[PDB]
Amino acid sequence: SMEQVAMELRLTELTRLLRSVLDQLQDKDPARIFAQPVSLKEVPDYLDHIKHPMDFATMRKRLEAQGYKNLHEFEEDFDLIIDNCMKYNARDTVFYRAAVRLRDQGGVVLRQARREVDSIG
C-alpha cells in the first residue's frame, strides 16, 4: 500500500536524522571509551553487574537495520551507555568522568534533535 510506503519513508528519514545525532554524540567521546561493547574476555564478571550492556557500535548496527522507531528508543540506548558506566565504575575513574562529560555534552544535542523530530514530524 501507499500508506505502508509513506510510513517507510518516515522511518528512513528518522534513520537519517538519528545517524547524524549518533555521529554528533560519538564526537563527544574522543577517547573512544564507549565505542565498542565491554569485552567479556577482559571483564568476565560484567554481566553479573550490568543487565543491559550498550555501546555506540551496537547502536549503529541497530540504526542501520532501521531498528529505532522513534527518538525515545534511541535515547534509551544512549542513556544505557552512560548509566551502565556510572554504576560499574567508581566516581574517581577516567571511565565515570568520561560518562559525565558525554551526558552533559550529549544533552545539548538531544535537546535540539527532540525539536527536529517534533518539527519535521
# chains A, B, ... in the order shown; residues from 1 in each chain; ligands from 1

$ residues_around --residues "range 31-35 of chain A" --least-positions-apart "6" --cutoff "9 Å" --atoms "only C-alpha atoms" --output "compact mmCIF listing (two decimals) with C-alpha atoms, in the first residue's frame"
# COMPACT_ATOMS: atom_id res chain seq x y z
CA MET A 54 25.21 -0.88 25.38
CA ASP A 55 27.84 0.89 23.26
CA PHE A 56 27.97 3.06 20.12
CA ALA A 57 28.76 0.18 17.74
CA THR A 58 25.76 -1.80 18.90
CA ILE A 81 25.70 3.71 27.78
CA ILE A 82 26.07 6.46 30.40
CA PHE A 95 35.57 5.96 32.78
CA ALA A 98 34.05 10.35 30.57
CA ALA A 99 30.38 9.31 31.06

$ residues_around --residues "residue 16 in chain A" --least-positions-apart "5" --cutoff "10 Å" --atoms "only C-alpha atoms" --output "NGL selection string"
:A and (10-11 or 21-22 or 63-64 or 66)

$ select_by_dssp --residues "range 2-121 of chain A" --states "alpha helix (DSSP H)" --output "PyMOL selection string"
chain A and resi 2-26+46-49+56-64+71-88+94-120

$ residues_around --residues "range 50-53 of chain A" --least-positions-apart "4" --cutoff "8 Å" --atoms "only C-alpha atoms" --output "count of residues only"
7

$ atom_distance --atom1 "CA of residue 24 in chain A" --atom2 "CA of residue 62 in chain A"
16.9 Å

$ closest_residue --among "A:107, A:67, A:121, A:44" --to "residue 19 in chain A" --atoms "only C-alpha atoms"
A:67

$ closest_residue --among "A:71, A:6, A:90, A:85" --to "residue 111 in chain A" --atoms "only C-alpha atoms"
A:71

$ closest_residue --among "A:1, A:100, A:117, A:25" --to "residue 87 in chain A" --atoms "only C-alpha atoms"
A:100

$ atom_distance --atom1 "CA of residue 28 in chain A" --atom2 "CA of residue 105 in chain A"
6.6 Å

$ atom_distance --atom1 "CA of residue 17 in chain A" --atom2 "CA of residue 116 in chain A"
8.6 Å

$ closest_residue --among "A:26, A:39, A:70, A:89" --to "residue 106 in chain A" --atoms "only C-alpha atoms"
A:26

$ closest_residue --among "A:94, A:7, A:102, A:47" --to "residue 29 in chain A" --atoms "only C-alpha atoms"
A:102

$ closest_residue --among "A:97, A:61, A:113, A:79" --to "residue 20 in chain A" --atoms "only C-alpha atoms"
A:113
